[PDB]
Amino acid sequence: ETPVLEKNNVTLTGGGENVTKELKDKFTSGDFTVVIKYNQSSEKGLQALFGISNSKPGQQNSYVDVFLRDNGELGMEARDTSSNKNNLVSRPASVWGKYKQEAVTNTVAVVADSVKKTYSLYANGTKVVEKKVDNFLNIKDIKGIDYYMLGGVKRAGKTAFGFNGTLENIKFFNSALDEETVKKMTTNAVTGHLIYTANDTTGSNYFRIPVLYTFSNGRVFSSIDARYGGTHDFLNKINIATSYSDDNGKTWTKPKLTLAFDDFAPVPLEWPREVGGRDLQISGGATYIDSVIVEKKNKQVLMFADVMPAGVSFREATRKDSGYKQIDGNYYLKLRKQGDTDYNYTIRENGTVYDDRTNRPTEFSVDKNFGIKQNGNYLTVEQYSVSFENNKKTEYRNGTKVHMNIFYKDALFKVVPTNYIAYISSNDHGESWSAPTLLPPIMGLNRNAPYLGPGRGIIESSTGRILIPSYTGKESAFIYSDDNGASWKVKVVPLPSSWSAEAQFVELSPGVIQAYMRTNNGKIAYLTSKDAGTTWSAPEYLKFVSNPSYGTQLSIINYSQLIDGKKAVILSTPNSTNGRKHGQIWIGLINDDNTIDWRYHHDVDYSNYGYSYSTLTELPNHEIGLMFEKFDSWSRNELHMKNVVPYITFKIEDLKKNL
């Protein structure tokens, strides 16, 4: 199947190029596919990569185009003046702008298929949207088309939406090419920056909350939320997926499901993005959410995550019950048997379920992965699948039998409906993992567990104390161990307001650590401890970041090499009052007095491009790895998008900019 027109290396600065002679009436059926490999010299303004129009006076609403906005949105219009049909199909955060001071080459495409009445858009190997529209228009359906141009749309004799950049290759086909063909044709260097991809070995269409960590042996390890029912925090099904690289981030393993429940199948779901429909959630599967990684002194790796029973949201989790009882000085996870109103049971030694009323063992036991047995035999429940089609979400028992689990809605014995924290450990640097351990009720018996601050933990150098950042909604909770992770304690620090205080730590000098965190006031806060985390200062605030009141997670790390003769820290955060946008990486140099000279920054892409949760690591070669949400993950307009969490590498010289 061959193009009706192909052009190469057309450099434009807003004025466009007429190709009317070379396209006139070639779109015989009216269907079309246009594949455009381009880079932009300037991202400002609404820019059309091509335009097919009626250029006559009064016919300015008779055109087809593919467009780019200054926030990375890719779209198309197909409009006819006399029928008054105006189609616009798009997705935010579809393209890249610039990377390391150079324009990025993207390959995008549009397919219009009259038989299906769908428009489809592709960007860098991903079909970003396909939408069926009742008012479908093909080229033949638009009256009096007389002008075909590159890099603009001719409207009433004037060039609209002028493109600034180079069309490296543009191909026009007079038919609807098939999806696999167009995915391949749009695949390029940008595609290779995705570690996790929609419907890869995780089965998830969507991801959020990336974490990077470099282990002592040189392995670069990642974890992430695989969020199956769109990108909603809750209600959803979420697993923690992992992937690693043993060549300094150049190649990565096929993702694995590392923390996952099986009450719901991990399946690819087409979550709706329309107003209204996008608020849809599933009934809720048992969930792991928001991972934290640390490597211990002995090279064992710990991963922590929040644990939510099926159907329980952060918002409805009870705050007044830990889910534990204390019996004879020991903390045991408590259970309510279906039909009871009280929690009459506890999981004691060897997972044996005791009746607390009689203080005797029952026939039931719970294994280390939370599965329920009766008389030594597993109880089972039927797994749920979720499906769509006719714009209708259906959940149903799917014929698969899985072990009954205390976190599931169909369990005979159930935990308190609140949030918990679990950790797992690995002795082979992430290739295999232990069973989970739930944290004991370190906040007290009558409080829920803290919520983890996604990213990493640290080992403070002078004491060997392990620190894990978390928060409660009104306090900071610095979880810690002084016995190399055998047992855990917490320092609870009240905050000026009800911050979602996702935090990360850095060590300035031995015994001196700072916790940088999200607030509800627009600023990034930092608290300082001079006794390895036992006591903390009042908050201070970075002066150079100004964000919206909701705030965003951040990443900050220590860096191992001197910069300008000084020890350095590296910070990643959005910096915009208009959304989760304008990502920056900042270098902070530690002064002799333990203040920080925030001397350099580098903008990640253009300032209106999306940038939400992020994670930094120092690669073994002392380059910097970054993985981030390249979209606004707060915005109700950017929910449920595929293939938007990339990985990029920087040298320090790429970062040492702007002073």
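Between two forms, the rigid core is defined as the largest C-alpha subset superposing within 1.5 Å. All residue numbers refer to positions in the sequence shown, first residue = 1.
Rigid core superposition, C-alpha RMS per stretch in 4 other deposited structures of this protein: which comes out larger, 387-395 or 513-521?
The stretch that sits farther from the shown form in 4 other deposited structures of this protein is 387-395.
If you average the CA temperature factors as listed in the entry, which stretch comes out higher, 554-562 or 351-359?
Higher mean C-alpha B-factor: 351-359.
Between 372-380 and 216-224, point out the one with the higher average CA B-factor as the PDB entry records it.
Higher mean C-alpha B-factor in the PDB entry: 372-380.
Please pick out which of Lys37, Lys26, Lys630, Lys44 has the largest Cα B-factor as recorded in the entry.
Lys44 has the highest C-alpha B-factor of those listed.
At the C-alpha atoms, which of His403, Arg273, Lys296, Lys171 reaches the highest B-factor in this entry?
Max CA B-factor in the entry, restricted to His403, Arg273, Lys296, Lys171: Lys296.
What third of its chain, lowest, middle or highest, does the C-alpha temperature factor of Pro646 fall into?
It belongs to the lowest third of the chain when residues are ordered by C-alpha B-factor.
Split the chain's modelled residues into thirds by Cα B-factor; is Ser607 in the lowest, middle or highest one?
Answer is middle: the recorded C-alpha B-factor places it there.
Compare the C-alpha B factor of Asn621 with those of the other modelled residues in its chain, then answer lowest, middle or highest third.
Its C-alpha B-factor, which the entry lists for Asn621, ranks in the highest third among residues of this chain.
Test of reading the entry: by CA B factor among the chain's modelled residues, which third contains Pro436?
CA B-factor rank for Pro436: middle third.
Could you look up the Cα B-factor of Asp70 in the entry and say which third of the chain it sits in: lowest, middle or highest?
Answer is middle: the recorded C-alpha B-factor places it there.
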